[PDB]
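Remarks on the structure that follows.
All Cβ positions, even for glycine, are placed from backbone atoms using ideal geometry, and neighbour counts span all protein chains on display. Laboratory data are not the source of any read-out in this text; all were calculated from the coordinates shown.
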Amino acid sequence: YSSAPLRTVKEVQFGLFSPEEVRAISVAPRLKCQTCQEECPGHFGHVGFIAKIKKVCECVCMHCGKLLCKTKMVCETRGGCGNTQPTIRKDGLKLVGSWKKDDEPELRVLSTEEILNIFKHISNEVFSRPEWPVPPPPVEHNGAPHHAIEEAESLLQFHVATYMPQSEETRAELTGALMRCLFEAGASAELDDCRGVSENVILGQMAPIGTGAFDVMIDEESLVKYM
Amino acid sequence: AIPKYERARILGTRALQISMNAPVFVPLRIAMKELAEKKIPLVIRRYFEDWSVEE
Amino acid sequence: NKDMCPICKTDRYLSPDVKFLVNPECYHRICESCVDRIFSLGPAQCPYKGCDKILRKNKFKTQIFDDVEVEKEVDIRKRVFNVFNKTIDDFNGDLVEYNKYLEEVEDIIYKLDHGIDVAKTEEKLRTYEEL
Amino acid sequence: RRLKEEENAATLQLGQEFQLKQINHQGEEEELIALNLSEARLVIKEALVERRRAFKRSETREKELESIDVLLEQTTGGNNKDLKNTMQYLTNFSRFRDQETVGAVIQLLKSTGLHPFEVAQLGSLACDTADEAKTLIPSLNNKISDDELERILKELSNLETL
Amino acid sequence: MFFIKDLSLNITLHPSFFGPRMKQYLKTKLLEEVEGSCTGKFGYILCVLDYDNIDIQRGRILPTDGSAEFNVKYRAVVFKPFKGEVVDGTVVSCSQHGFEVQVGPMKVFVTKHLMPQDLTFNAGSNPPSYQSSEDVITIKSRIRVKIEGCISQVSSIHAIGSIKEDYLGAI
Ligand SMILES: [Zn+2]
Ligand SMILES: [Zn+2]
Ligand SMILES: [Zn+2]
Ligand SMILES: [Zn+2]
């Protein structure tokens, strides 16, 4: 038994975790459960956006984070740095930028740190940002040449990608991200009103179809007159 | 509130109430009898407009 | 004791927002951060070696005159002037009496600052206020 | 579009549900109703007697305490231990007994213009000097002069019963 | 502190009460469920004012439960403790860790670290009491306390008191 109010899910607001929230949500046997001594839902602890990341990088300058779009190859210094934006291509699980000279073009790999820094410089503000949790049981320091670090980072990225009638009621009786199916919904902070049959079926609540398209209230005006 | 399948739910809803020892003003058979005599004290909130089962 | 708290040694360069306050009890400079840390919970001994006077948190106030000694004289004079309030008219034009009265008040303030006769001076001050 | 100021009586930061401006059930703006111990005692007992009257239709400290206790038992249901402790606490810690005394106190302190919380403290805590009130009620600092508070406290003790 | 607060509640009636006098049962449920209850958001809900004017909106029948949910609006006096507030009470329990002060429906706990250094615990006196050169604090002794902190749970409120500041302690 729980003392909290019993409610129904009226909206599902998809979004994306912030690094702060993942650390805040995390409780760490801590995932009888050592955290609640219970009924236990499961306590958290602490690849699909590569195309989106590439598009964002092409659509914005990669030095000042100011909107330029993909075809543009110059910052158009309006506030700007004037650097010529590279042509970004997706190779494996990495992004490679190429600069054309003013004679093969210069090429280098845009480090994930560089991409993150630029994204943080870019001007949903609450639920899903471009810059942006271990499932619970129920579900460089020294030396390290650049080659070794790059190989380790590639292996870690590859591993991450791979990892990712019993009642009288029934007796008598006898367009939303969730409805379509989710990554896109989280990126755009899509709000699902849960007005469709699919959403209610997923959440296990009475659907607004047939006997559920209305509400049965209780009237006291008739009750007093019935005695 | 605008100023002034339903049968299946009302019959089942009142049948459950009767099975739970609710007063009878006239379990599925009892609910059907109440509906026939218009003695079901509920209002259907069509989505809104509130309509009494009696009317 | 130039631009930092003697207790926590917080320099103004590293924390420009730091400010200092003085309690009229022993006129000891201390930063507001230390004041909140120490005296917020309750009264406690002043955190200087050789000083044991109990000072309250509310009594802390900002320092106006840079010279600490002048601050003591003014505050003591403020207390004395509250008890002693007279004008030339009060003496009915007697300038000699007015001048003598002012001289006596200054002597009282000087004695309080130097604590030569604090016990007797305080008793005399109390008697006049009641009267 | 909603996601994640600690409450402090001294700073008059009472939280979200006890803000200065309140909305009643009629939608009309109203001032937060904060009651001193004497005012709260009258409100609770006045409601209890009215409730007792509705049910039937369908002085020294000891005698008043007994009268309150018997009334409380008659006109309250189960799980009334909290209210029993409250009435006992209110009767043994109030400063004004009759309604006239409470009315005068409200009229006196309503001219100060302080926060409803602070005025309730003034009528609930006995103090002798403005320094005691200032330290016991920090919110009064830099809001009311010592002379004004001194006269208010002296007048408050004048109307204190017995 | 005591307040008068306009509150709302969601009462549920079993179908057994679906009679011509269901409103009377709602008033009984409101009194028997709210009065004496400790809502951490609003404090100790003590008494309900205007007992003959509670607003009872149209009830809603739950799909499978069969009960009717009623939204009830009422006026009640609620006691909400705030940190930094000064209260008076009578000590009810004393122990080595500290003593409890009863303030209305609330109990305030004063730990050793929140007491003046002069006060010392002593179990020799029966009942155990805290003794100091100027006075002794024990059960039934009136104490003026300042709430240093409150932990308002969903249905429980606890506070820690301090008596170290000036003009506090025994009256
Ligand atoms: Zn758990
Ligand atoms: Zn640029
Ligand atoms: Zn310091
Ligand atoms: Zn000192």
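Descriptive notes on the structure:
- Single match in E:21, E:75 (criterion: more than 7 Å from every other protein chain (Cβ to nearest Cβ) and under 27 Å from the mean Cα position of the chain (by Cα)): E:75
- Test set (1) surrounded by 15 or more Cβ atoms within 10 Å (Cβ to Cβ); (2) over 23 Å from residue E:65 (Cα atoms) - residue A:144 fails condition number: (1)
- Within the range E:51-82, the set of residues being surrounded by 17 or more Cβ atoms within 10 Å (Cβ to Cβ) and farther than 20 Å from residue A:8 by Cα comprises E:51, E:54, E:56, E:74, E:75, E:76, E:77, E:78, E:79, E:80, E:81, E:82.
- Residue B:15 meets all of the listed conditions (1) at the interface with chain A (Cβ under 9 Å from one of its Cβ atoms); (2) loosely packed, with under 15 Cβ neighbours inside 10 Å but one, namely (2).
- Complete set of residues in the range A:28-70 that are within 16 Å of ligand 2 (Cβ to nearest atom), in a loop (DSSP other than H, G, I, E, B) and of a type outside the set (A, V, I, L, M, F, W, C): A:63, A:65, A:66, A:70
- Residues in the range E:113-131 that are within 11 Å of residue E:96 (Cβ to Cβ), in a loop (DSSP other than H, G, I, E, B) and in contact with a strand residue (DSSP E or B) (Cβ under 6 Å, 6 or more places away or on another chain): 1 in all.
- Answer from A:67, A:110, A:95, A:116 - the residue that is hydrophobic (A, V, I, L, M, F, W, C), within 27 Å of residue A:161 (Cα to Cα) and surrounded by fewer than 15 Cβ atoms within 10 Å (Cβ to Cβ): A:116
- Scoring residue A:2 on the criteria (1) within 15 Å of ligand 2 (Cβ to nearest atom); (2) part of a loop (DSSP other than H, G, I, E, B) leaves a single failure, condition (1).
Here is a yes/no grid of residues against (1) outside any helix (DSSP H, G or I); (2) within 13 Å of ligand 3 (Cβ to nearest atom):
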position	(1), (2)
C:8	yes, yes
C:26	yes, no
C:48	yes, yes
C:82	no, no
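- Residue match in the range A:75-90 (condition: surrounded by fewer than 16 Cβ atoms within 10 Å (Cβ to Cβ), in a loop (DSSP other than H, G, I, E, B), more than 14 Å from chain D (Cβ to nearest Cβ) and more than 16 Å from ligand 2 (Cβ to nearest atom)): no
- Lone unmet requirement of (1) surrounded by fewer than 15 Cβ atoms within 10 Å (Cβ to Cβ); (2) facing chain E (nearest Cβ under 9 Å); (3) among the β-branched types (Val, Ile, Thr) for residue D:70: (2)
- For the range E:31-40, the criterion of being farther than 30 Å from residue E:165 by Cα, of a type outside the set (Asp, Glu), more than 10 Å from chain D (Cβ to nearest Cβ) and in contact with a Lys or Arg (Cβ under 9 Å, 6 or more places away or on another chain) is met by no residue.
- Meets criteria (more than 9 Å from chain E (Cβ to nearest Cβ), within 30 Å of residue D:141 (Cβ to Cβ) and surrounded by 20 or more Cβ atoms within 10 Å (Cβ to Cβ)) for residue D:90: no
- Residue in the range C:25-33 that is closer than 19 Å to residue D:131 by Cβ and more than 12 Å from ligand 4 (Cβ to nearest atom) present: no
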